[PDB]
Every structure is written in structure tokens, then in C-alpha cells.
Amino acid sequence: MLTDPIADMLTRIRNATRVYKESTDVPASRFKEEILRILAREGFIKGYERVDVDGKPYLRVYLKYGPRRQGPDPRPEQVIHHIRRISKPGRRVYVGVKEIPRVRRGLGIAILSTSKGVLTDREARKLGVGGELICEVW
Amino acid sequence: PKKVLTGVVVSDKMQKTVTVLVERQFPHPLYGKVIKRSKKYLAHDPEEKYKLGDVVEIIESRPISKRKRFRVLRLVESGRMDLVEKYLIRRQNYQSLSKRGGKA
Amino acid sequence: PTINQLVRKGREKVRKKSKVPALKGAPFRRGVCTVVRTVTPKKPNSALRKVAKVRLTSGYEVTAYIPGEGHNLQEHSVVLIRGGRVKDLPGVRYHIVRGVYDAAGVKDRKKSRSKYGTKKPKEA
Amino acid sequence: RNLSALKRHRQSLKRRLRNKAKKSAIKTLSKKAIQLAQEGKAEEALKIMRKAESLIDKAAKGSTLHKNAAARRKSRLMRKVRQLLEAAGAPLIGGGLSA
Amino acid sequence: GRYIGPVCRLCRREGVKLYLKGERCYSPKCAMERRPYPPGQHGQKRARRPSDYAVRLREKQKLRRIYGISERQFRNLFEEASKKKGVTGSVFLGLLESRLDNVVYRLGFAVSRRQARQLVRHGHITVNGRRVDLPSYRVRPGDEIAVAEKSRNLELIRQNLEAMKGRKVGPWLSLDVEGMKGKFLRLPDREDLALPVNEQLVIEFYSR
Amino acid sequence: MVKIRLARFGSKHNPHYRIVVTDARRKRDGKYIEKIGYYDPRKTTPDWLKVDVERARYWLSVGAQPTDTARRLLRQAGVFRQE
RNA sequence: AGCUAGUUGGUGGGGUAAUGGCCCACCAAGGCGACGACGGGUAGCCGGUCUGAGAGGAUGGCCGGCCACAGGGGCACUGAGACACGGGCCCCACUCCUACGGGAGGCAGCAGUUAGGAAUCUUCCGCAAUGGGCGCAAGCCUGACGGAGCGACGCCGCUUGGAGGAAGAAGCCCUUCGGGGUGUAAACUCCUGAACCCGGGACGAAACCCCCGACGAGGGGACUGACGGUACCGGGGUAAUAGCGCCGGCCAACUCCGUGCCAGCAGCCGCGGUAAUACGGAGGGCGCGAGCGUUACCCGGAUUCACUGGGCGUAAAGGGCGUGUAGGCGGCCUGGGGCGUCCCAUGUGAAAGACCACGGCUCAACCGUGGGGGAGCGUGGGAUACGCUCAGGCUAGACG
Ligand SMILES: [Zn+2]
């Protein structure tokens, strides 16, 4: 059994994105899809789709990267340079608006998960709320 | 706001009064996780109404005896010493882990 | 440490280990010397050093060290301990207050006249 | 020396003798009612209880007892007296205790 | 007590030219002429590649000695700055420029904070008439900096305020002679002052 | 006996007071029920005295024998002057 | 590592302003503990202080708030109040007293005294102000206080001068013996005029009270200042204290003589055993300046206790393996509840401090008015993604 999907997902991704994989399915779930809905939306993967491997419902996350490179090492730049499940269980992490951070001087996001749904930080300030600090991409 | 409290009736075997467990959560002051601490209040029960393994309410009150300053505002729900059993056991192991250890 | 180990046990503090049990952490201790012997240093470098085992005004007593060229410390002069050591003379936890009490800095002084306590001259 | 204003000690003392005495009365006299009452002494008990009652509020009229003291003392008493007459009673002088 | 002693010396060692030397620091006499090398016995000998530190030190010194001001202030003032809102580097200079004395000097009632300050400590000057002197005087913007009556009748002063015609007064200044007055138009800024000091390094020396 | 007087806050020759309300039983410069004005002895300003009777009224609507120098000050601002 | 007899609770009662095992009687057989009881150790807690990028560490002097204490211990009377610093009773150590029976004593109040100590002052001034107590009042009382003295103990301002002035004095170090250095440095030229002297010389203070008129409101008028004749205002008024540390690397500033593992330096690794920029003085040099340097202690650097922000194959560091209690952690779906969680309103967060703006003593230190912020908690209200929770379902985990 997983001990915490969210985190797991983020990783499957993390682990996949690092070998320049076309796609990496992640076991389907109400939440997640969400995170991706953003993750994706926010231009951090062409998006994701619902695929049933073994009739078992998953989520194909469609990773993406930059272009090939010069000189020694033609591996494209990573689109998702960073990712970290901040509030894991075993040590929960809630923060209130004025508590939300500035992921990477603002070139990176944070994913709060308020009572107004899951949302980025700039979006948290928007509806001016705070919640449980989830992953943190940039 | 005279304090009120939901908790459990871990023990009655005394006169007119009762023992109450009252779990509690709150963030570790420094390590963030939410620790789930506990405390045994003594509520004053007259008709000896409330019984073992009862969820109930406690209320701040005018003394009745030292180590005894609350009362039973109500019965949240009956039957469920599953919580007691635990309490019971918590202190069960105890006495054993002195120079030899609890048990299981 | 799985948080929990921390919530549960948590980091152990520290503990300073005072190096001058000349007590009360005061900086100077009145005293009366007993022996006014003289020792050799540790392996690295050698030379006869003018120590001064002193009896402190606080039931304690040490191997007071005396600086400056020569000294006027007598087997029974009121001195004054003040810290210091010697990575040469094992077991010498302090220093002397030349100028205070029976001490008056070396008479052949002219420079760092604060230390080695001698006043100031009337040159010209 | 001679802190004159010391006086008070003197005073205190004097004033004491007064206080103590005022009280002792009540005690010694109050029991008189109880004892009587318990026995079944209609009047006298009721009677003397009045004497107490008063002398009590009397007491509590000066920096003796005052406060609620009076009440207590007072109540404490009749309360005591009352139930006590559950032996045939029949409040005579009554007065003290209304019905 | 400040310095008191071979000032042009400071120059030689601090390296550049230091005008704390009223006049003369204008022609074969600022020492810096054919004897710019630093003081000391060796002085005119090689100078080991300055310590990535020495630099912050000196550069600081410089911008300090310039004003011949007390370190306990030249530093205590720095904090007053950093504290304040604004590119510190600026601010400092800004405030380090409203020193009633320097102020005066920039005007022309004298030729050096060294000959100034004194000229300051004898009521010879006045911030808005009711006069002052405490060199350590912060001049807000838009203030009257006239002379001490009893002083108007004074050689130097008169002469200084006299020679004062052809030379200009910095864009945040404005006095005259036909009134021995003046005015603190506004807090200056880096540029405004030519100061041969790199404030940035200064800002730095105070992080160690 | 909740008075209304002055506690010192000035400085060694720069006395500055607040027209407080303590209980006397409390120091001059110790805790208090509420401030309500300041008095400047050396009057080096154009406000060496302010007050707010907006309050003094209720505040005098109960106990508070204001110090003689209290009613004084209060008098200028005349917590009184009921024309 | 297990503690408990007034110990846990009941009934009845005493006691107090008041609840109460606060105390007493009798009855039940309970209370507390690893979420750390009980014991031992150190300790007044706070505001705030220092320090830190902060989270955090360390602290709690002066000022403000609460507490306990008044030779060590116990009890209580008088009173609105105390278990009462300068009130009382007893008891013990102690000083003084004494006709030897028997007594008087409390500075942890201002100041002083002695003692221990590295160390912490004046036996002054004043009732003017502010406050406190009694008083109709006048008015006394006030070592609370407002001041002065004492201490470089800290902090802030300040003088030891200013301009010119030698291709550059003498005396004093270096040497390739040409010469380089201390230096515009001084001497000297005028200029200003600290200290010091002459005159005047307060704010702080307008109320109590007198008069007024209704001892109401409004108006007049008595008088009083310790500091102090000080601060300051005008006059004249003499160029008129510099010291301390450091100069091998970190670390800034190098030379010479002396010097021989000795004399000594030292925070560290280290220097001396004839050329030592490291030991001693000088020449100079750097740093700061009525200060400079040391000594001890707290924070920092020390991500070296690691929440932020560490680790465990060989550097210290995986428990000889298991089963498993408590405890921590939990799959996919829907609904209720809305405790965690977020949100708004309000209440609270004293004052001083610290942030900020203007202001006041010539500046600043210090000071006032104003503004802002402030986690936390209390009452109402709102949200439901997440965590829990309560009820229904599924089958990817588990088991069969
Ligand atoms: Zn020059």
C-alpha cells in the first residue's frame, strides 16, 4: 500500500521526467487529477488523460521538456526542474494566506489546498485564503 | 464562557463523581505535527446518571471537592468502552514495566 | 529522526564546561602563594617558567602563572589570579595581575605596558 | 523608641476583650436554644433563640461579626432549631420562626 | 578629539588626494605632488596585492578621514542610514553631507572642515538665525545658513566669502556674498558629490 | 477613592506629566485605569496642556477627587465651565 | 518508576466574605502515573533584554505588572482590610543589660558601619514641584520624591586649535654611502579664542487661600522655589591634556640592534637553539581616542543537536533475529457532521520598549504627542479542498 499518494505521484513524475519519458501513468484518484489540472494547466506538462490499465483507472501524465542541447550531452532542459511534497502526513502542514510563500522568487509555484478548492499561491492570495500546503513545483 | 467539554467516562466506582478522559490535539509547538494529548477531569454526577464508557460534556464549575471542579452537562452518546478498553489497557501495561516490563 | 522521534525524544541541548573553576566566574581572585617553584614546558618547546601555586580566597588553589621577565613574587605575597594557561606547562590554569598587590610589573618595561603592568615613564 | 502611635496595641487589646466577650455570650447562649429545642422546649427555646438572634445581629452590628456572619450564625441557628422540633414541637412564642 | 596631526599624511597612505587641506591642496604643495607614495620607511616600496579585505578597510577610512569625522559617528551614522529607507549607499552620503560643518564648507564660509569646524564652534554660524555650531548638526532641507553678526567683520570669513564669486555652489546649495547667507536646497546624491570613494565597498566593510 | 492626578514621565529637568487616574494606593508613575491628558510645565510647545473631558465627565461622574493641581489643569480646559 | 491516609470521593457539621478535605466526625475503597507520577537538582514568573537572516538560543539588572520575604519557626488579636518590614504572644541562635531575679533588641527603608569580596557612593539639600496621610481650614508629617554630590560604570555632544608655511630644519632610526624616512610635522607669520574674569540672570508655579459672586461657573489678587545665582543671554578673554592596544597567518601595519631551546611570547596551528619582520627597545607603521587593552559570562559564527537546517556500507553511528502492546503512519468512491484546518467581525493583547511621523532641550543621548504592527486567546459568524470523524459502496493493499 502507498503511504501517501500525492507524494508518490509527484515522484513517479519526478522519476520519469528525469529520464525524459514520454508519459508516466499515476494511479487515478479524485485529488491528484486536480493537482495535475493545475500542474498541467500551469504549463508543466502537456496535460494528462484518464487511462484504464488493467481496467484499473489511472492518469497518464504527459510530461514535457525543453529542446535538445549543444555540445556534450543532448538532453533537453527539464520543464519541471523541481518538485517537493511539502506537507506530508506524519507531519502535516497548513499555512494561512499571509503564510503562503513565494516559490522561486515567483518563477515557481506552491500548491495550497484551501476550502475553496486546490490552487496555486498567486491564486490563494486571489481568493485570499490559505490551506494545507501541498507540493511545490518550480 | 464557563468551559464546556466533551470527553469519556473512563471510570465510575466512586461516590457521585466520575472520571473523564478528554483527548486533545494541537500542533507541536516546534515540530509541527499534531500531537494528541489527554487529561482526566472529574465531573460531579448526582443521580449517578452517566455510566462507564459514555461520551459526555463537562462544564467548568463551582468546586465540589478539590481535584473535582466540573459537571456533566450532557450525554453525547452511550456504549463504547472501546475507548475505555484502551484507557484501561494504557494503564494495564504500566505496573509491569517497572523492573520487568508491561505485557501483551 | 522521524519527527516523532523528535516530538517523542527531541534534540538534546548542550552543556558548557567552564574552564576556570576559579569559581563565581569572577575574573580575578585574591590569593596567597604557597610554593613559588618553576617548571619545564611540554615536549614542543623548552625553558624554565616562573609558576606560582597560589591559595585562593575561595577554598581553591592553583598553579598561578607569572609573566614578564623577572618578578617580585614572594612565597607569601598577596597575588591575584586571572585566567589563562600554557599549552606548554600542563596544569597551569591561570595568570597573574602584575601591578596589583605585591606584583608591580617588570621594571624593565616600555611597550605593551598595559600587560606586565608598569606605569608610564617621564622621558624628557 | 516609644512609637507612641503604638497605642493601638493597648487599644487592640481593650477592643479585644470586648469582641471576645460579645461572642462568647452568643455561643454559650445559643447552645441554650439548641439544647432546649432538641429537648422539646417550645417557648424558652424559641424564646432564648430570639435573645440570641438579636444579640447576634447585635454583635454583627459592631466590627464583631458583621457581614453575612450574622446571617449564617442566625440562620445556622434557627435552621438548627427548626428541624429539631420534629418531636411534637408546636411553636409557641413563635415570633422568632414564622410559619 | 578627532585627528590632529600630519593630515596630508593621511592622503599619501589613503592613496588619493584629500582636500581636508583647505587651500594649497591646489598646487605643488598637497604633498601628493612628487611624493604621493604612502608614508612610512618602506613606503616607496612594493605593495603586496592588497587583501580582499584591506580594500574594504582603506576605502572606508578614506570616505571617513575625508570628513575628519569621529568613527563612533561615521559608523553610528552608517546604522542610522541602513536603518533608513533608500539606497543606503546614497542616504549615508546624503546625511554625511548635511553636517552643519561640511554644510558650511560646501558653502564657502571656509576652505576645509578642519578650518571650518572651529569656525563652527564659536557661534560664527547660524542655522536659521538662532544659530548653532555643534558640527554634528543635521541640516534639514531648505534652511538659512547665515553668518554670525560679530563675525561678518572678519578677515578670513570676509575673504573666504570674498573670493567666493567665480566658483559655483553645488546644485543643492545656494548662498551669495551680498548676504553671507545660504540654503540647504536638498539632500544631495552620489553624483552630486564627486567623492573619490566607492560607497559600495564601504557598505561592505561593515558586514564583517 | 479613585483619584485623578498627575504621574511623572518627563526627565531630569524636563518634567512631563500625564493626567491619569490611579487609586493613589498605586505609585504616581505606576499602572493605571486610563490616561486623559498631558501637562507640560516648561511649556515649550503650543499644546503644553491637553485633556479630553469627553471622558473626565464620567470619570468624575464617579469618585475621583482630582488633585488640586488636577482640577487646576482640568479648570483651564475647564472640565467644569458649565455655562 | 511506581506514589497515596485526609489519601480519592460521599453524607452530616465546623470554619470563612466566599467554594472546598479548608478542618472534624462516620462511610465507600478509591486518586495519580511513561502524555512521567514520586524523588533529587537548579530557579521567583512576566513585560521586555541581549544575540540571530530568522526559526532559535541565553536572560529577567535599572523601569512597569504580579508573588513570596522582613533574625530562622509557629499562632493570633484590632480591623474594610494583614497573619502585619519600623504591631503583639511563644520558641531557637545571637548582641547588649543586670543587685544574677529578670529584661531590651532587627537597616532585605535614606545614609553610614563593619564583615566576605574582583567590586558597587554622600552619614549633604528640599518641601518648591508630584504624590501619599490626617485636617473645615491653616497646616504639620513624608530618606515616596524633585535634586546635588560620588564613580569613565554606559550612552550621546565636546576641546586639545586654524590657514600659510622647507623639494624641505635640528635631534632620532635605514644604507647599495648617491641617499631615504618622522613632516607641513615643528620653529615661525597673522587668525579664533577653550578654560578663566566683569555685569545681568529664569522657565520649572499656578493652585490651596484672600477678594468676586450662590465657598457652584466665570474674574481678580498673597505667597512660597531645593537645584542656584547653576543652565543660559550680552562683554572681555589666553593656542590652550594624548593615551592604549597592535603590527608572522586568520589580520591592517617591516625595518635594526640586541638575542642565543635560554630570556620569554601563546587564542590557535606554533616562533627561540647568531640574519628571528613571532621573545626585549627603538624607528616607523595600523587601528581607535578619553579612552585603549585584559579578565569572566550569554548569544554568534556552530548546518557542531540540524523545525527552518545533519546523519548511520568502510569516518561516530542499524538494535544478534523474531512475534507483537501501547504509540505513530493509511487505498478508491459518495453523504452527514465541520473537531484539526483556512476565513471575516469583535473583544483582549496595560504602560514603558521596540517600528514609524512630526515635536522639545542650540545637536545628539534623554523626552513628549501621534500612528502602525503584535503571535496568542475569548464570543459570533462563514468555508469544507485536506486530516479526523460518523454511515453506505468497491477491490488495485492484506488475508483466505
Ligand atoms: Zn593635501
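Going from the start of the chain as shown, residues are counted 1 onward.
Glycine residues also receive a Cβ, built from the backbone N, Cα and C atoms like all the rest.
Annotated features, as they stand in Swiss-Prot:
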- E:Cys8, E:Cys11, E:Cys25, E:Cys30: Zn(2+) binding site (BINDING)
- E:98-160: domain 'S4 RNA-binding' (DOMAIN)
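The Cβ of E:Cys8 (Zn(2+) binding site) lies under 8 Å from the Cβ of E:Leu18, E:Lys21, E:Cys25, E:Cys30, E:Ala31, E:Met32, each on the same chain and at least six residues away in sequence. Other C-beta atoms found within 10 angstroms of the C-beta of E:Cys30 (Zn(2+) binding site) number 19, with every protein chain shown included. With respect to Cβ neighbours within 10 Å, the binding-site residues E:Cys11, E:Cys25 differ, and E:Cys25 shows the lowest count. Other than E:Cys8, E:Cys11, E:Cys25, E:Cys30, the residues of this chain whose Cβ falls within 8 Å of the Cβ centroid of the Zn(2+) site are, in sequence order, E:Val7, E:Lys17, E:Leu18, E:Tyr19, E:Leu20, E:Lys21, E:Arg24, E:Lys29, E:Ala31, E:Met32. The DSSP secondary structure for E:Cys25 (Zn(2+) binding site) is coil. Counted with DSSP, the domain 'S4 RNA-binding' (E:98-160) comes out as 26 helix, 8 strand, 29 coil.
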